[PDB]
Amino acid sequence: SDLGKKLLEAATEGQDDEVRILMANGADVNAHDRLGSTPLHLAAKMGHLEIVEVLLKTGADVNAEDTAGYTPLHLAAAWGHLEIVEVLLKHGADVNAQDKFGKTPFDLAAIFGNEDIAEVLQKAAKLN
């Protein structure tokens, strides 16, 4: 779909108003690019908090997997976006989510030295 492509792009580029318009015209919130990335993967990794918030309240799937098996929380975890990691955990992001290589968001935070986020993810995991 063209509409889906435009929404993926708007989310990546941080275009709050364009995301609003595309959704209003019926752009699929759960559209996928070449790499299986959803608008929420792209907004999360690029630090676009407001788009992450709108997507989650308009039905975006919080535990969507890309081709590599990564969730939006993996991506926010890897790229050091603390507010986004929190918004994802509030809306039911799975801390035990594993990529193709069996890595959790925790291990990704560990690997890229994102200390605050690794701590939040450790406390999250203990609580059922």
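Residue indices: 1-based, along the sequence shown.
Taking the mean C-alpha B-factor of each stretch as recorded, 34-42 and 77-85 are not equal, and the higher mean is that of 77-85. Looking at mean Cα B-factors across 115-123 and 17-25, the upper value is held by 115-123. The residue among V95, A64, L56, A68 whose C-alpha atom has the highest B-factor in the PDB entry is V95. For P72, the recorded CA temperature factor ranks within the lowest third of the chain's modelled residues.
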